[PDB]
Amino acid sequence: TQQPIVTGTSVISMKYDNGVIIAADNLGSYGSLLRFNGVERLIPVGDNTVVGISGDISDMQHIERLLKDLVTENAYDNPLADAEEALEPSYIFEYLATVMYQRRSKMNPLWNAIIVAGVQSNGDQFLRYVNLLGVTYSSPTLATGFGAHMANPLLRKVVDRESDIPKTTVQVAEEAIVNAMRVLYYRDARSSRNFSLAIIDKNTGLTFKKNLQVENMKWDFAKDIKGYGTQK
Amino acid sequence: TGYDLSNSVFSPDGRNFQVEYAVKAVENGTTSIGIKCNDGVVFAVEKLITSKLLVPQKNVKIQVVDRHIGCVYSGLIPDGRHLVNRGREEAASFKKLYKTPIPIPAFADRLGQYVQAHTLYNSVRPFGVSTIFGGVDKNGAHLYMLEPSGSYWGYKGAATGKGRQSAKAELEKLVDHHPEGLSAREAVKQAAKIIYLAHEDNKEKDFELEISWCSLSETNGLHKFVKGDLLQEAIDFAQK
């Protein structure tokens with residue numbers, strides 16, 4: 001891809017004491033036109049991994065096809081496919097990062113930013129980021145694009161250090177994620193009111209919530225705003 | 001006479017002797033069976049326990065293609081694995097091109113073309129395996145058998161290997177006695193019984209039974225091995 005055409009907005013995520021939470025809106029925009037509504041940008045790979053993708057939608061669909069192919073290939077000649085030989089978030093991220101960097105090296109990148117979230121077999125949380133240049137990094141909170149400027153400051157209020165992870169319950173983390181989504185809908189012009197969220201927990205299973213809408217907003221004070229400067 | 005020393009050489013009577021020798025190699029393998037039920041397919045196979053040092057439940061024979069195709073074969077096992085790898089590549093290409101799991105007859109034709117292409121030249125050797133495969137698609141359940149010559153057909157019940165005659169007789173009796181058809185679990189039990197009966201030809205070594213199935217109402221149209229209480233029930237029914 002040399003230039004994106006249909007693009008999705010930011011994906012936000014954070015780790016808490018037991019698992020990870022990730023979220024993204026359901027809008028595919030076409031150059032300032034809010035063209036497509038109902039685009040799922042969170043892809044669950046198995047029961048312990050969710051991949052959130054932002055950027056070009058066609059490249060996102062290509063990546064979804066690659067992930068499904070990877071699952072099918074892992075299932076071949078593997079009686080422990082639903083066991084200790086199942087795919088792990090680390091494997092998936094390493095594969096995706098290899099693909100991204102190789103395609104960057106060929107001047108034919110996948111114009112995307114990707115967050116892989118999940119829980120390892122030993123129970124440790126996993127949360128990592130890789131973009132169209134192949135740059136990878138990890139942090140207790142992750143966000144790409146616009147969210148990286150507005151979601152990260154709020155989420156880092158809850159989990160500012162690695163030591164804050166054991167203190168953070170799932171309820172607090174989910175409330176913070178929802179509030180960050182509301183802020184993004186307030187201030188991002190390419191965003192949508194409808195989004196999806198995913199919780200990966202080490203004790204309970206994967207919980208995938210769809211059709212989540214930004215709740216009660218503050219708009220009443222707008223009635224007090226008169227014309228600019230000196231009017232009225 | 002001299003017409004048997006190279007592949008793709010017609011004999012005066014219109015025969016290819018290398019393919020017949022490959023059939024002879026197939027006839028020296030273990031017995032593999034497939035049964036077509038009302039809404040799916042069941043594959044069963046016998047594995048000889050040559051030595052007690054073999055780890056039980058390992059050394060899996062039945063193989064899966066995509067998420068809905070089951071395959072088993074009799075003959076030279078590495079040839080069967082080669083054919084299954086080719087079939088997996090074909091299924092992947094079809095899925096990538098047309099965004100739909102490959103229909104079973106199309107998969108059968110692709111396998112048949114690949115097998116037949118190895119009877120066209122003297123620089124290659126024919127496959128020494130007979131393959132029973134099948135699954136479920138939008139049209140329903142399909143069961144096929146493919147021979148070293150590349151010819152394949154659809155069957156109500158198929159059997160191959162050393163104990164093929166008794167297995168075929170049992171399958172014919174089973175088909176005759178159930179004109180309406182069979183359920184998936186009943187098919188699993190009958191496959192266990194038929195494999196146990198066909199093993200009676202070779203009493204020199206002990207055997208392990210392996211069963212897999214693909215049905216709409218039991219696996220939601222996916223291929224799954226039989227490993228839990230159902231496998232033990234089938235074994236008890238067969239030994240009864």
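As a basis for the values below, the full set of heavy atoms in this structure was taken, side chains included, without hydrogen atoms, waters or symmetry mates. Just so we're on the same page: letters track the sequence lines, and every chain starts at 1.
Open room surrounds OH on A:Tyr30; 12 or fewer heavy atoms of other groups in view lie less than 6.0 Å from it. Shown here is A:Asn211, whose CG atom has no more than 12 heavy atoms of other residues, nucleotides or ligands within 6.0 Å. Residue B:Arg185 places its CZ atom among 12 or fewer non-hydrogen atoms of other residues, nucleotides or ligands, all under 6.0 Å distant. Heavy atoms from other residues, nucleotides or ligands lying under 6.0 Å from CD of B:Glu218 number more than 12. The neighbour count for B:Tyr114 OH, taken as heavy atoms of other residues, nucleotides or ligands under 6.0 Å away, is above 12. More than 12 heavy atoms of other shown residues, nucleotides or ligands fall within 6.0 angstrom of atom NZ in B:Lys227. With a 6.0 Å radius and a threshold of 12 heavy atoms from other residues, nucleotides or ligands, B:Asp236 has its CG atom above the threshold. A 6.0 Å sphere centred on CG of B:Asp229 holds no more than 12 heavy atoms belonging to other residues, nucleotides or ligands.
Residues from residues 35-69 of chain B that place a non-hydrogen atom less than 4.5 Å from a non-hydrogen atom of chain A comprise B:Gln63, B:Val64, B:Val65, B:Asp66, B:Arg67, given in numerical order.
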As a quick check of understanding, evaluate salt bridge (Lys or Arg N to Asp or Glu O under 4.0 Å) for B:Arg81 and A:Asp77, giving each step before the final call. CA-CA 10 Å; B:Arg81 295 200 66 257; A:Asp77 299 327; 3.6 Å; yes
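The line from NZ of A:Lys68 to NZ of B:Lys95 is 7.5 Å long, rounded to the nearest 0.5 Å.
Taking 4.5 Å as the limit, every side-chain heavy atom of B:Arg88 sits out of range of all side-chain heavy atoms of A:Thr72.
Heavy atoms closer than 4.5 Å to chain A are found in both the backbone and the side chain of B:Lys99.
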